[PDB]
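Student: missing the sequence, but the structure's below:
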RNA sequence: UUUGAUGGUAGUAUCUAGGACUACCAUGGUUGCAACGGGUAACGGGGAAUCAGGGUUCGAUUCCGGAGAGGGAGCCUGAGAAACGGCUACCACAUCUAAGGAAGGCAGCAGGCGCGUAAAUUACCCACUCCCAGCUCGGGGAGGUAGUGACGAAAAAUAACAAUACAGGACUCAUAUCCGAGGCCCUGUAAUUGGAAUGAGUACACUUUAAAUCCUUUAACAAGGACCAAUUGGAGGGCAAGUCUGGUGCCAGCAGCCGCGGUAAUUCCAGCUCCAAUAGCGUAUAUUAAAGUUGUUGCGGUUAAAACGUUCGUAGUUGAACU
């Protein structure tokens, strides 16, 4: 038969609850599409990146 | 293959596709009246109900976890179904015999994944929108 | 101010003794016009005794600076009070009568249905 | 009643939603014309496809049959009165070569930049929507004003505007209001 | 088709044809080209949703037509009604009553209960469009008009221009997968700081309207982000997007499907970031496309689902040449 159910919420009494506290209301719709426009063209390495990714760490 | 290619065979053609549409599983599902006789939802998107018991469904293997479902009797025609609740938390936020709003799960009626048989999903409980109280933007009243 | 009232679509009719006219009013510096000072300077258009002007309809164009509006010039002072949809003299202020109030009135004519001829009930309580 | 919102609905969402080789064709279109978002982009793509199918199904008939010509000349005239296509290309084939990146530069939000007054295409949305622009007499507060061909001669300032000086800032009034406080 | 069904015949009845009704004869009439019966979550049509075409689904819903006012039946007056904001009765519900009796039908406009996944004000006026009357003038919750309103459509706030601060490639040139100077046709991060704009609000007055409000027009007020502070979803693949950091350990859970998770988790839970569409977007049900998986255009049937065991054979469908 069924044993029990009381193991629910085991993660929520376990995580150490770190937060954000900040981060800066950003450029919205009219000016968001020109921030991300130059991020398609700021440096633009012009290279075959040897099977790489666009917005990874490295 | 087959079909009569004569000039006056419009009688046979519209007879045939009427005859042979009743083999299609998608046509004949919507043309038999069982969205009210077999569907415990009243041919509709949502339903409301009152719960009975909070139970653990054993998931289908390879996966193995008790799945924490709720067996509810909806008030529309008194049928007793079992719904799934998402987003862990979600049962210390129920506190049995609160009025719940229930929806579908997604595969157009029948069951979905590792949970065998369970086809419906709880949306609101005691008016306060379970997906919003999970992120604690709404609080369930202590009344 | 000077308002530059320039008139177009001009036509007169003595079927009801009127001058049908739409006027183009410019809004050069401050705001939209007020109707009562268009009167005496549209009584500088043909000198038609400014209380018979009745230039009552207007809308300012987008951006600010213009207004095309209607002005019907009656000839005499009481042909102005002859045809005249009567709420236009409610603007050119001479009339305010009979509070009803269109709900109390429409239950007057239903309450007095249960009397017979004399209406002896309207004199006692009220 | 009636049909009130008689749709002719623009703003067509794309068929396949994520694939990059069409997602970044339209992203620098927002760069070269400093638009709001992607719905202004495929709006004219919605506008382009209807005149194409007009010019497509007109091309299925023969000249001279009067079905083709009579809706034909009304198509190209409305283009050249706007002036995205012009007077050397006045038959039903050159309209099919018209893509969108000349339609999105007949808009008045780019006409104000092609004459030396905007100093940025992202300043040009702000100057239009601050009631500081005029076409031919009229103060216009939208970026997507498609201009007509002979209307291009008359986009100026309004002198209704606080340039040059009518209630001149009124942060210019606030320039000498910060001193007494 | 006894108890009108198909016809004849004479009638009655009606405004009139007619089995509409009567009386007498005749035995007809419909049917595999689907009659009859049943179902319908059926008011019909204009039309609506969706596709390259061919199409499928829907249409309670503002326009025309039918239909009905709790359920049935009857009927008066009227040119016109089998009228129910007319009457009469029965049936079901309710109402008042001093117990004798008297009246009621919101599927009109508002409003309340109820059922429900599921739907707003017990507001204002006939100025509009027209209708009606004895009829320039009266009346018209027809109609217009505000209040609710993210059903749905449209135009578009959430910054912009420069400076140095720290900084990138590139342009000239010492030089060349090393390296300086003008760092620069660059852009970011700067509670550095200082400037230019402004509608969002706000407020005189105005226009507005039947009287209003809102927008438009507006004299005075109004931006330095700490704020006027954009969020909804996802970051394994399908599917554009951290092999980030802590937590947990086939657990909690996630996942449309494939799949993840068993003290290194690219999939959970969180932090730090990122990507999509953006005043939006997610979920559920239905429906269309996708679907060459309903196939007229256009499928398949040796083995994947599928040529009747066999041949006759009527209905049906197709049928040589010749003027």
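Tutor: Ah, there it is. Numbers count the residues shown, from 1 in each chain, chains lettered A, B, ... in the order given.
Student: use CA for all of it now, contacts and neighbours both
Tutor: Noted.
Student: does residue D:30 count as helix, strand or coil?
Tutor: With DSSP: H, G, I helix; E, B strand; the rest coil as the basis, residue D:30 sits in helix.
Student: count the neighbours of the closest residue to it other than its chain neighbours for me.
Tutor: In space, residue D:30 comes closest to residue A:33 once its chain neighbours are excluded; the distance is 6.7 Å by Cα to Cα, 6 or more residues apart in numbering or on different chains. Residue neighbour count, defined by other Cα atoms under 10 Å in any protein chain shown, stands at 21 for residue A:33.
Student: residue A:33 belongs to a helix?
Tutor: Yes. If the criterion is three-state DSSP, then residue A:33 is within a helix.
Student: roughly how far apart are it and residue D:113?
Tutor: 18 Å (Cα to Cα, to the nearest Å).
Student: how near is the residue nearest to residue D:30 to residue A:26?
Tutor: Relative to residue A:26, and taking Cα to Cα, residue A:33 is found at 12 Å.
Student: now swap in residue C:23 and tell me
Tutor: 51 Å.
Student: measure residue A:30 to chain D for me?
Tutor: To chain D, residue A:30 is 4 Å away according to Cα to the nearest Cα, to the nearest Å.
Student: surely that residue is in contact with residue D:37?
Tutor: Yes. Using Cα atoms under 8 Å, residue A:30 is in contact with residue D:37, at 7.1 Å.
Student: residue C:23 and residue A:26 - which one has more neighbours?
Tutor: Taking neighbours as other Cα under 10 Å, residue C:23 and residue A:26 compare with residue C:23 leading, 21 against 8.
Student: just give the closest residue to that one, not the sequence neighbours.
Tutor: Nearest one to residue C:23, counting by Cα to Cα, 6+ apart, is residue C:7 at 4.1 Å.
Student: what's that neighbour sitting at in phi/psi?
Tutor: Dihedral pair for residue C:7: phi -110, psi 140, per degrees, to the nearest 10.
Student: wait, it touches residue C:24, no?
Tutor: Yes. Applying Cα under 8 Å, one finds residue C:7 in contact with residue C:24, separated by 5.8 Å.
Student: show me what contacts the residue nearest to residue C:23?
Tutor: By Cα atoms under 8 Å, 6 or more residues apart in numbering or on different chains, residue C:7 lies in contact with C:21, C:22, C:23, C:24.
Student: okay, it and chain B: tell me how far apart.
Tutor: Residue C:7 is 62 Å from chain B, by Cα to the nearest Cα.
Student: measure that residue to chain A for me?
Tutor: 44 Å.
Student: what do you get for residue D:113?
Tutor: Counting by Cα to the nearest Cα, the gap from residue D:113 to chain A is 16 Å.
Student: give me the buried stretch members for the helix or strand hosting that residue, please.
Tutor: Here residue D:113 sits within helix D:108-114, counting by DSSP states H and E. Judged by neighbour count (16 or more other Cα atoms under 10 Å in any protein chain shown), helix D:108-114 contains these buried residues: D:108, D:109, D:110, D:111, D:112, D:113.
Student: one more: stretch B:127-143?
Tutor: Neighbour-count burial for stretch B:127-143, counted by 16+ other Cα under 10 Å, picks out B:128, B:129, B:130, B:131, B:133, B:134.
Student: thanks a lot, see you next time.
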